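No lab work stands behind these numbers, since they all come straight from the coordinates. Counting neighbours? That spans all protein chains shown, and the Cβs are built from the backbone with ideal geometry, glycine included.
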């Protein structure tokens, strides 16, 4: 019996307005399957995947303008969220109690990503800095900087000693986190990036563009070893699966395509999300897919191993 | 092929906030070299460059808000300052104590300038006029009138008999002090001017508007002799050298350039400030430059004769 | 408008403190002054139209 | 388009969406700051951040972005670390230096000066920056004269500036100058029922500053004058203060209630809390005199409940503490509530000191020396002069 990718769920009104960030954490080995979402309404909602559905755990708040990025930590149960007022919160994930509130000046932080051991929480900056705030202990441990434009999207390598930083002009800079020495700068595109993703066993780096193209690069060089041209309009987010077999992409043309690295073609395409999709993610394995659109819908698709 | 330009002194934190104007006066017949600066405070600190450094001498204050213009005199020991405080209190410079106080709001005074014989202290008003007060002799003998807009810059030709006035929207008015009759109104730039200066012997008038250009007009006619464009942001002050060969301009792009009028080119650029540079002046026999900036610092340069 | 008058003891207790309520800003932020007098809010006429 | 429908929350959300799409474009950030200043001014902190970001990303948008961020800081209050060089006054001053042409910056200067006066008064050190209101008003009028047409907006700006100048003159104490200004203004043009209220306020300041009895003619005149210019909660709250001054409390309560209804119908939010807290203060203070006709505690209860329904007003919880302490002074509930007020953080200094003081009095009533020394060290770990001195004087009578 063929196990085809199935819609398998739709959630009609997750938030009161558009949804912008989704994180899926199989942090707890028990029935946690924590899903966290930020949605421009100054609310961060914690959901759980109980048997076949999402039941809200709680909605927790304190945010001035819309929320821009959320992230969930694998090692410890802990969440982190940044908004438009450059103000970062850390969430307990057991009481919703805001352990710490890292402030920030007018230009410090745009997006977030944890360290594999949940210690550094690298973040972008409107004027090019990639300064790092040590988790739970320190503030502005150091500031790795270049000369350049806005940095929308930031990627972090899984193993370490890599930190990829997209830019508004469309250029990528990769810095090794060990010391901060810029390895080499990739020209990238002539339009913004909005998403950067590495791979598990991180040797391949995939970049999403604002012109609809997707570029595959090899970490050892600046070899543009791939280019994908299926999405009509912009592409906003790209995520992999725990094996280097396929990734999900969520254009701004209301289409989510699941591409494959081996053949670099769209193996399957989904047609939902009446308005444009802003986030996509994978669960603790390759099985399940989460997509969040501008319309207030959470979607969980299936993708057998 | 250029001379040896370079810093001599660097005051680390002169005031507690931005420094908005500066005046250098070799007032006494011997080598006194007193530098007076006003800031975003009440502070009007009076420094003295004795041999190799600035040592604070007076810290006099009577103001409530930030000082927008300061001035010094070459004949008497005296100084004047205006602020958003609606007051023109003029100091003594010998015991560090106030001499007088004139009530005048942004409709009666914006920026100061002493007379060639340091006797009248004309200022530029809001409704378009230029008001000429009398130091040590009262208030408001007479006001020249130009049917225009807010007036920002006031300059006196070194020999007297000429007064120039820039305005918001660009137009420039040249009066002759002898009769008080408008000689001619140049149109200059199309946005506010906020700095003007004659040349020694008063045959060359240098403007600096908000768009980056530096017109070089010619007095006794309306001829312009060229446009100096080398900045990348607003131009905030221009000071003309004691010998009629160079002049210094400070821009809002954190850079102090030194031009020469013979070839209309930039000889040397100083890249030493870290924020907007609000004030530049020469000294006596012009061989040093003072540059006060938005960051609290006082640079003194070396332009050998 | 029914009573038209009230007589009260102005120094009721010399131990206790009179309450002076000062209002700061449009977003709710109040403080308590010591000396007795009018309520004396800040920005009495509201925010200036910008 | 969204604002036409009166939605008034979607608007800010929509502009935030647009800025998220295109994180550059200083203009977009500046517009977000302006809308937050105008619509939904409860995200003041976000607005301040947005204005600062707009100012950073260029120089030529300095003008409007600095104006909007200064106004947002004004709306915020004094929610800072008492840090120099980043208060409202400094930023509005910076904007005034950038473009001294529009009248909004001058009005912002007026507001910043008044707010600084009030903050210094709170710290109770000195009123400063005393007499500049007349010059700024002249500047505002001169600047407005050269604006082509935003007629309604220009009228609003000039009217607000005039009112603010008169109030400032009243505050500093130069009654005569305010009087001459108002007289000249009314002699200029036919009467408008707003300025006459200002003339009433300036008139009635000497009188009622010293205890005196007033004739019913003036009081009825004042009430009619307030009715002339209705739909303005400030005026009504001031009238209620007048009632308290002479002392007709229930009438003051009614005036506050009318202001509350007016504020609630308008959809405003600050005015409603101001009216509720003021009414609660009136009832509790009148109760302080230990008066009969036990209805004022009920009014205190309802007002405080409404206040907590809206928001997290510390004054409301302290007010409940005082109501409980005064009526049925008691042993346990009052001490527990007072200690709860004075022990969890996130509370203003004055509230903590007052609650600490009353808890100290109750604890001295029911002697327990260990807790008393605990209170003494609590005072020590903060800055206080009054609790410890009173405890020392009355520990050995």
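Here are some notes:
- Qualifying positions in segment D:254-278 - under 14 Å from residue D:310 (Cα atoms) and part of a helix (DSSP H, G or I): D:260, D:263, D:264, D:270, D:271, D:272, D:273, D:274, D:275, D:276, D:277
- Of all the numbered requirements in (1) within 8 Å of another protein chain (Cβ to nearest Cβ); (2) buried (at least 24 other Cβ atoms within 10 Å of the Cβ); (3) in contact with a helix residue (DSSP H, G or I) (Cβ under 7 Å, 6 or more places away or on another chain); (4) more than 19 Å from residue D:38 (Cβ to Cβ), residue D:101 misses one, and that requirement is (2).
- Selected residue (criterion: surrounded by the fewest Cβ atoms within 10 Å (Cβ to Cβ)) from residues of segment B:57-81 that are within 12 Å of another protein chain (Cβ to nearest Cβ) and more than 19 Å from residue B:27 (Cα to Cα): B:64
- Residue check: residue B:264 meets all listed conditions (1) away from every other protein chain (no Cβ under 14 Å); (2) within 21 Å of residue B:153 (Cα to Cα) but one, namely (2).
- Some residue of segment C:14-36 being within 7 Å of another protein chain (Cβ to nearest Cβ), assigned to a loop (DSSP other than H, G, I, E, B), loosely packed, with under 13 Cβ neighbours inside 10 Å and in contact with a helix residue (DSSP H, G or I) (Cβ under 7 Å, 6 or more places away or on another chain): yes
- Screening D:250, D:335 for residues that are over 20 Å from the mean Cα position of the chain (by Cα) and without any contact (Cβ under 8 Å) to a residue 12 or more places away in the chain leaves exactly one candidate, D:250.
- Residue D:74 under 30 Å from residue B:169 (Cα atoms) and more than 13 Å from chain A (Cβ to nearest Cβ): no
- Breaking point among (1) at the interface with chain D (Cβ under 7 Å from one of its Cβ atoms); (2) surrounded by 18 or more Cβ atoms within 10 Å (Cβ to Cβ), for residue C:2: (2)
- Test: residue in segment A:156-163 that is closer than 23 Å to residue A:26 by Cα and loosely packed, with under 14 Cβ neighbours inside 10 Å: yes
- Exactly one residue out of D:232, D:259 is over 27 Å from residue D:358 (Cβ atoms) and facing chain C (nearest Cβ under 10 Å): that is D:232.
- Residues that are within 12 Å of chain A (Cβ to nearest Cβ) and over 18 Å from residue A:68 (Cα atoms), drawn from segment D:8-25: D:9
- Selection over segment A:284-304 of residues that are under 16 Å from residue A:71 (Cα atoms) and surrounded by 19 or more Cβ atoms within 10 Å (Cβ to Cβ) gives a count of 3.
- Residue match in segment D:178-185 (condition: in contact (Cβ under 8 Å) with a residue 24 or more places away in the chain, within 23 Å of residue C:1 (Cβ to Cβ) and either in a helix (DSSP H, G or I) or at the interface with chain C (Cβ under 10 Å from one of its Cβ atoms) (or both)): no
- From the list B:257, B:281, the one residue that fits, being closer than 21 Å to residue B:71 by Cα and away from chain D (no Cβ under 14 Å), is B:281.
Here is a yes/no grid of residues against (1) closer than 30 Å to residue A:217 by Cβ; (2) in contact with a helix residue (DSSP H, G or I) (Cβ under 6 Å, 6 or more places away or on another chain):
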residue: A:58; (1), (2): no, no
residue: A:62; (1), (2): no, no
residue: A:66; (1), (2): no, yes
residue: A:81; (1), (2): yes, no
residue: A:101; (1), (2): no, no
residue: A:118; (1), (2): yes, no
residue: A:124; (1), (2): yes, no
residue: A:127; (1), (2): yes, no
residue: A:152; (1), (2): yes, no
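- Test for residue D:89: is it within 14 Å of chain B (Cβ to nearest Cβ), surrounded by 15 or more Cβ atoms within 10 Å (Cβ to Cβ) and either in contact with a strand residue (DSSP E or B) (Cβ under 8 Å, 6 or more places away or on another chain) or touching a residue at least 60 places away in the same chain (Cβ under 8 Å) (or both): no
- In segment D:208-230, the residues that are at positive phi form Cβ pairs under 8 Å with partners that are surrounded by 11 or more Cβ atoms within 10 Å (Cβ to Cβ), at six or more places apart or across chains, as follows: D:208/D:214; D:208/D:242; D:208/D:245; D:208/D:246.
- Positions within segment D:104-152 being away from chain B (no Cβ under 11 Å), within 17 Å of the chain's Cα centre (by Cα) and crowded, with 18+ Cβ neighbours inside 10 Å, in sequence order: D:108, D:110, D:111, D:114, D:115, D:117, D:118, D:119, D:121, D:122
- In segment A:20-56, the qualifying residues are those that are over 17 Å from the mean Cα position of the chain (by Cα), within 22 Å of residue A:121 (Cα to Cα) and within 14 Å of chain D (Cβ to nearest Cβ), and the one that is surrounded by the fewest Cβ atoms within 10 Å (Cβ to Cβ) is A:43.
- Under the condition of being assigned to a helix (DSSP H, G or I) and either more than 23 Å from the chain's Cα centre (by Cα) or facing chain A (nearest Cβ under 9 Å) (or both), the residues counted in segment D:26-68 number 25.
- Listed by position, the strands (runs of 3 or more DSSP E) contained in segment A:95-200 that have at least 1 residues being under 29 Å from residue A:47 (Cβ atoms) and within 13 Å of chain D (Cβ to nearest Cβ) are A:100-102.
- Filter result for residue A:90 (part of a strand (DSSP E or B), touching a strand residue (DSSP E or B) at 6+ places or on another chain (Cβ under 9 Å) and farther than 16 Å from residue A:195 by Cβ): yes
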